[PDB]
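Structure record follows, encoded as C-alpha cells.
FYI the Cβ positions are ideal-geometry reconstructions off the backbone, even for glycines, and counts take in every protein chain you see. Each value in this text was obtained by applying a stated rule to the coordinates, not by laboratory testing.
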Amino acid sequence: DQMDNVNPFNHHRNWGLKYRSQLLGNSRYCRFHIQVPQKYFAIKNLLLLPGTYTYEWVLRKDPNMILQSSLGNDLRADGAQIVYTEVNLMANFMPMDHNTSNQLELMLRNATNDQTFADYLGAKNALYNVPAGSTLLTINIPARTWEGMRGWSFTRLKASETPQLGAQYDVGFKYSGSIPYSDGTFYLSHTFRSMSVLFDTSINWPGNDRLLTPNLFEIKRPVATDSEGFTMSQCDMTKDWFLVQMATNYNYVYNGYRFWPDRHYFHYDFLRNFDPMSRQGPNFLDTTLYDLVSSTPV
Amino acid sequence: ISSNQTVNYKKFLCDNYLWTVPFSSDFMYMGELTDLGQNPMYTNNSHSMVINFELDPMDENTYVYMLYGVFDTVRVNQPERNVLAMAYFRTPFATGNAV
Amino acid sequence: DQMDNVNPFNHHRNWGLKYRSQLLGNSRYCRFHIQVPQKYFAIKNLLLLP
Amino acid sequence: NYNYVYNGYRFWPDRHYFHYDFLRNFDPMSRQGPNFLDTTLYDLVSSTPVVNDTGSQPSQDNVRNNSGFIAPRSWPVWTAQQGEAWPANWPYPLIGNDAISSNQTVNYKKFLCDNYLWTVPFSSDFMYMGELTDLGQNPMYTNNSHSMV
Amino acid sequence: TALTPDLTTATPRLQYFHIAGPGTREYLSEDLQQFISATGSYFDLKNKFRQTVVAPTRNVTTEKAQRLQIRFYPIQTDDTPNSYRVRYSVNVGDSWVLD
Amino acid sequence: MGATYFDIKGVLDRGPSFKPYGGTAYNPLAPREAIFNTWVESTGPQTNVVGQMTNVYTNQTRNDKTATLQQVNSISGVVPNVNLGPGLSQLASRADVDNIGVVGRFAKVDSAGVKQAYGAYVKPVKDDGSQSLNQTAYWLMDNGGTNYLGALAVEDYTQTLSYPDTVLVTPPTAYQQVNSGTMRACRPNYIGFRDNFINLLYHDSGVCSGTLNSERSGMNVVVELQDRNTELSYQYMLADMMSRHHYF
Amino acid sequence: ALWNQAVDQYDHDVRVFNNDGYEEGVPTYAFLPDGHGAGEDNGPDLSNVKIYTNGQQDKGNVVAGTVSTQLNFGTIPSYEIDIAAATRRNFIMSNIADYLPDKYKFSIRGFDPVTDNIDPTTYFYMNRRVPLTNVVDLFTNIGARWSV
Amino acid sequence: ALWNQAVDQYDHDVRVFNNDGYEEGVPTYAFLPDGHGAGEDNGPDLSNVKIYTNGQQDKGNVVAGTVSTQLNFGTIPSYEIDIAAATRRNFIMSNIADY
C-alpha cells in the first residue's frame, strides 16, 4: 500500500534501463557516439523532391532530461556532464533511375496528390496543476466550437515527475527518473474518482440514463464497502466504467464479455495492464469487533 | 475470524495506459472522428464546457495533463523544385488565438 | 513412476489455482461478490426480440 | 535482408526474424579499461596476473577485499579455503567517487553476431526483388565471360 | 472564446486535409497510383497520403434516452441447504433488442 | 525523411553516482567484520580537578594502548630476528616485502580511520601488489624465561583505504579514531537514456522550435506548439506496429 | 522428438556475460541448531537466586532446588554467507571459467594416468587441467556487459 | 479475472522429473562473523616481542605496552553447504515427494 503511488518504472530492475545503461559503459564516463532520429509528427514520412532545403534543429543538455537513472535523481546535483564532440546529418538516398525519377517529381509535384501527415496521438495538451490535498478538480472550459472532437484520454501525473515545456531549460527540475508524460509510464491513473462533463451548464453528456449513474461516469466505490452493488469485476470498478475502457476499446461489450485477443493488446492496453487486488484486516480490524485487536509500529 | 469472518479491503490496479471516454453515442469505435464531432449541435451555434474530477488524496503537488483529441493534421505542397510550404490545421482548437 | 497416475493439476504450483485463490483473500473467509455467466450450448449467442 | 533501409530504420517485425536472422542475433557491446588503461595517462596504472591477483580474481577491493575467505594465495589451485583476510588493490574503481581515465575512461567498442551468415547481394539496390538477380540476368554476365577475385 | 461561427472548419476543411472526402485511391493521381503499388514490393510509401476513415451519423443509434444496461432484481428466490433457485423475469423493449 | 538521423558522438562522465552493478562493488563475501590493524582500545585521560599543587592528590592518569588485533596466515620455517625465510637457496631466503612468511602484512595506525573488511580498497604500487612504509614486529606471549624466539612476523604499513561505493549506518562512535565507521555496499544506479532517445532534441518549444525550410522561398514550415506532445506520440506509435518490447 | 528436431542453443546470460555483479540485503546467518530445547551452545551456568531474607535488608540469598542451567553471555552462533555472489561465483566459476580453452588453463601436479596416453581432446586432461580462477571471477569488468 | 479464466497447470520440472542432478563449483562456506574488529574466534594471545637488546647479539626481548591480542594458529571457521543440491533435495523433497 505504502507503494502504490510511486513511479515503479523508476525501479532498479527496470530491465530496459538496466539495458540501455550499458551500450555506453559501466564507467561514469563514455566516449560515446550515436544515431538519434526525429519524430516530429509532420515529416517522419516526408519525401522531398530535387533542390536543396535549409535545415536547423537543437539538442538539449539538462541532465534531468537527456539522461535516465534507476534511482532517479538529478545528475546535476552531481553535475553529470555531456559534451557533443561533433554531429552531422547522415542520409541514405534511393538510387532511383532518372527517367523514372523525373517521373515521380513530375507527379509528386502535383496538386491533386499533396502528401499530408496526421499525428498518431491526435490531441491537445492542457495542464491543470491540482493542489496537494484537493479531491475534486473543477475544469470549467470556456465557450467555443468543438467540431471534430474525439474525446477525453486522461491520467494523473506527479508534479515533480513532470516538467513545464517552453524555454531551453527550467532551473527547478531536479529529477533523473521517468516522464510518463513522455513514455506513458503512467501508474498514477487509477487514483481517479468521478468525471463530470458539462456542455453549456444546462445539458449533460451523455445523460440519457446510460450509466447506472450518468451524472458522472463512476470509477470506484468509497473504501468502506458501500457500492458493493455497482462494484464489479472483483475490483472497485463500477459496472459502468468497466464498460468504456471496454467500449471505446475492443468494440467487444454489447454482446460478449471476453478478452479480445491480445493481438489487440500490446502496451498501452486496458486488459493486461488491468490488475484486480484483494486483502483482509492487517491489524485484524480496528478496535471494535475483533475482541482483542491492536496496532504495533516498529 | 473478523467477528463471523474477515473484513475485505477491495482495491484494483492499472499502469501503462490512460483513461478515455469517447465523444460518441454507442461508446465503440466506428470512425476516426466522431458522429459526435460531425454533429451540427457542435457544428451549429458554439457551446462551452466543464469537466470536473474527484481525485484520491495526493501527497505532494501533482498535475493532470488532459488529453483532448482532434486531428492535428497538415499537408505538404511541393510546387516547383526547391520551394515549399507546410499548410496547417487542427480542430477542434485550431490554434486558438484571441485578444 | 510412483506418480504418473495422480492428478498433477491438483498440485500446489498450479499457478492458476495459485492465482484464482486470491481474487478473494488469504483469509479463509471472503465477503465476496462476482459475475458468473452461463454457457448452456443453446443460448450463449441467442438474441431475443421485444 | 528486410528490404527496410532507403526510407525507414526500424526492426522489421521479427515475424521475418526467426533463427538465421541478422537483427536479434545482432549483439552490440561496450567496455572500459580493465587495467584502467596501459602505462601512459592514468598516473598509477598496472597489470596483475594470477600468481598476483590481489587475492583471487575476486580481488574485489573497497570491501572485505576477498583473500582468505575463498581459496588461499597459491597460484591456480581452486581447492581448500585457506588465506589471509587482507585488502586488495584490484579492480580499481571506475565509477564511484574514485575513477577516471585521465579526464575520463577509455572505450573498447566491440559488437557481436552468431547463428547467421554474411551476404552481399549481386544487385543494384541491395534489396530483394527477385530470386535470381537483375544482375544475373545481365548480359555483361550473359555476354563475354569474365573472371573474379 | 465565447465567439465562434456556426460553420468553422467545415467540409472544405475535412476536405483539404484528407480528413474526409475520398480515400487515397478516390483522389490520388491516377498514375501516381500505379507505381505506388508497382514498387511497394520494396519502397514504402503506403502512408504519405492518409485515407481518413469516417462514420455514419444517421439511423444507427438512438436519440431518446434508452437503457445500455439494466440490473434485474429477482421475483421468486428460494434458498435451501445445497441449492439456490432464482426466478428472474425479463422484458424486451418494444423497439428494444437483446443478445 | 525516413532516412535522416542526427549522428551524435561525444563525451560524458555519468557523474559520481553511476553504480552499474548491484550493491557492493569490491568484496561481496566475507561479512561486515574487519581486516587486521592496530588494537587501540582505551578510554584515555580526563579534564577534571586532579593534578594540583596541594589542592587534591592525583593517582595515575596513564593507560597507553597499542595492541593489534590480527590473524596469522602463510607458513614458513624458523622465525628469528632477521624476519623469516619461507624457503632456502644459497642462503636464508628472506621472504618478500608484500609477504613475509608466517602471518602477513597489516594495516598501520597512520591509516585515516579504521573500517571493517567488507569495506576496503587500497590502490596498488607494483605489478604484483605492494606499497611502501613497511614495518615489522615479532610476537611471543609465552615468556617462560628461557627462549625469546618469536613465531610471528607482522608487516604493518599504511594503505590508501577509502569507500567510493560503500556507505554504512551507525558507526561504533563519533570520534575519529581506529574504530570502524566502515561505510559499505552503496545503492546501485544505471545511468543512461530513454527508449527512442526521448527528450534529447527540443520538441514543442517554440523558442527552440526546429527549422527545415527551403532557400528559394525560405519560409520555415515547421512550428511546434506546447500541446504537440511529440515524445509520447512516437513511443505510442511504436508498441502499436510492433511490440514496444523490442531491443533495437 | 520424432525428427530429433532440437536446435542447439546455450544460456543467454553465459555467452555474453551480463554483470550487475549481484546484490545482497541482510547478512543472513546459519545458527547453532541444537535439537530443540537449546539454540545456543557457548553459555555458562547460573543458579536461581533471591534476596528475600529473614534478617537482611539489602543483600541476596541462594535457594535450594536448581543449581544448573544452560544459557550464555552473548546470543547464538552464526556465520555470514552472501549467497547473492556465492552462487554467482559458483556461476562464472562454472559456466565460462571451466569452459575455457586449455590454452588458458593448466594441468595439476598430482595426476595419475592423465596425458599418459591422453591429450587435450580426451576427457582425462580435457577434464583434469585446472583453469585460471583469477581470470574471470565476480569482480571482472563488473557493471559492464562483456562476454569474456 | 472477470470470467475467472485461469486454466489449471502444474510446474513443468515437477510432473516429468528432469534430473541433471545439480551442479556446484566452489565449496562456499559461512564464516564466524564476529561484529567487525574480529572475524576469527579460535585464537590464542601473543605479545609484541623484539630483539634489539643493549648487550645481546642473537636473542629476543619483550617490550612494555601490549600483553594481550586476538589472533589464531589457523584461519577462520566455516561449514560447507552444497546449495546446488540442498535446494534440489529441498525441491524433490517438497514437490513430488510430499505430493
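The table for this structure:
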| read-out | value |
| --- | --- |
| Pair list, Cβ < 6 Å and 6+ apart or interchain, from the stretch B:51-62 residues that are facing chain A (nearest Cβ under 7 Å) to residues that are part of a strand (DSSP E or B) and of a type outside the set (A, V, I, L, M, F, W, C) | B:52/A:138; B:52/A:196; B:54/A:194; B:62/A:158 |
| Scan of the stretch A:12-29 for residues that are in contact with a helix residue (DSSP H, G or I) (Cβ under 9 Å, 6 or more places away or on another chain) and either at the interface with chain B (Cβ under 10 Å from one of its Cβ atoms) or over 30 Å from residue E:47 (Cβ atoms) (or both), ordered by number | A:12 |
| Residue pairs meeting the criteria (Cβ under 6 Å; at least 6 apart or on separate chains; first touching a residue at least 60 places away in the same chain (Cβ under 8 Å), in the stretch A:26-48; second in a loop (DSSP other than H, G, I, E, B) and polar (S, T, N, Q)) | A:45/E:47 |
| Test: residue F:129 is in contact (Cβ under 8 Å) with a residue 24 or more places away in the chain, more than 7 Å from every other protein chain (Cβ to nearest Cβ) and under 30 Å from residue G:80 (Cα atoms) | no |
| Failed criterion for residue F:155 (all others in (1) in contact (Cβ under 8 Å) with a residue 40 or more places away in the chain; (2) touching a helix residue (DSSP H, G or I) at 6+ places or on another chain (Cβ under 6 Å); (3) not basic (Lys, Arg) hold) | (2) |
| Single residue of the stretch F:1-37 satisfying the filter (outside any loop (DSSP other than H, G, I, E, B) and more than 8 Å from chain G (Cβ to nearest Cβ)) that is farthest from the chain's Cα centre (by Cα) | F:6 |
| Criterion (among the small types (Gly, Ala, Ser), facing chain F (nearest Cβ under 8 Å) and free of Cβ contacts under 8 Å to residues at least 24 places away in the same chain) met by exactly one of H:94, H:68 | H:68 |
| Conditions (1) aromatic (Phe, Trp, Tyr); (2) surrounded by fewer than 16 Cβ atoms within 10 Å (Cβ to Cβ); (3) within 14 Å of chain G (Cβ to nearest Cβ); number of the one not met by residue F:57 | (3) |
| Hits in the stretch D:1-46 - residues which are among the small types (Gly, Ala, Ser), within 26 Å of residue A:20 (Cβ to Cβ) and facing chain F (nearest Cβ under 9 Å) | D:8 |
| Given (1) among the hydrophobic types (A, V, I, L, M, F, W, C); (2) under 18 Å from residue F:196 (Cα atoms); (3) buried (at least 21 other Cβ atoms within 10 Å of the Cβ), index of the condition residue A:23 fails | (3) |
| Residues of the stretch G:52-89 classified as closer than 30 Å to residue G:133 by Cβ and among the aromatic types (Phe, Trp, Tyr), total | 1 |
| Residues that are at the interface with chain B (Cβ under 7 Å from one of its Cβ atoms), farther than 30 Å from residue B:54 by Cα and of a type in the set (D, E, K, R), drawn from the stretch A:79-135 | A:109, A:114, A:119 |
| Qualifying positions in the stretch F:107-119 - part of a strand (DSSP E or B) and closer than 22 Å to residue F:136 by Cβ | F:107 |
| Among (1) within 14 Å of chain F (Cβ to nearest Cβ); (2) surrounded by 14 or more Cβ atoms within 10 Å (Cβ to Cβ); (3) among the hydrophobic types (A, V, I, L, M, F, W, C); (4) in a loop (DSSP other than H, G, I, E, B), the one test that residue H:2 misses | (1) |
| Criterion (facing another protein chain (nearest Cβ under 7 Å), of a type outside the set (A, V, I, L, M) and surrounded by 10 or more Cβ atoms within 10 Å (Cβ to Cβ)) met by exactly one of C:9, C:32 | C:9 |
| Members of the stretch B:81-95 found to be surrounded by 13 or more Cβ atoms within 10 Å (Cβ to Cβ) and assigned to a loop (DSSP other than H, G, I, E, B), listed by number | B:81, B:82, B:83, B:84, B:85, B:87, B:88, B:89, B:90, B:92, B:93, B:94 |
| Residues of the stretch F:204-241 satisfying the condition of being more than 7 Å from every other protein chain (Cβ to nearest Cβ), of a type in the set (A, V, I, L, M, F, W, C) and either out of contact with any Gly (no Cβ under 8 Å at 6 or more places or on another chain) or touching a residue at least 60 places away in the same chain (Cβ under 8 Å) (or both) | F:238, F:241 |
| Residues being more than 18 Å from the chain's Cα centre (by Cα), assigned to a loop (DSSP other than H, G, I, E, B), crowded, with 18+ Cβ neighbours inside 10 Å and not hydroxyl-bearing (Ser, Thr, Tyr) - total across the stretch F:142-179 | 2 |
| Enumeration of residues in the stretch H:6-26 that are more than 7 Å from every other protein chain (Cβ to nearest Cβ) and of a type outside the set (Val, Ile, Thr) | H:12, H:13, H:17, H:18, H:19, H:20, H:21, H:22 |
| In the stretch F:180-196, the residues that are touching a residue at least 40 places away in the same chain (Cβ under 8 Å) and either facing chain A (nearest Cβ under 7 Å) or assigned to a loop (DSSP other than H, G, I, E, B) (or both) | F:180, F:181, F:182, F:183, F:184, F:186, F:187, F:188, F:189, F:190, F:191, F:195 |
| Matching residues, the stretch B:6-46, being surrounded by 19 or more Cβ atoms within 10 Å (Cβ to Cβ) and not in a loop (DSSP other than H, G, I, E, B) | B:12, B:14, B:20, B:21, B:22 |
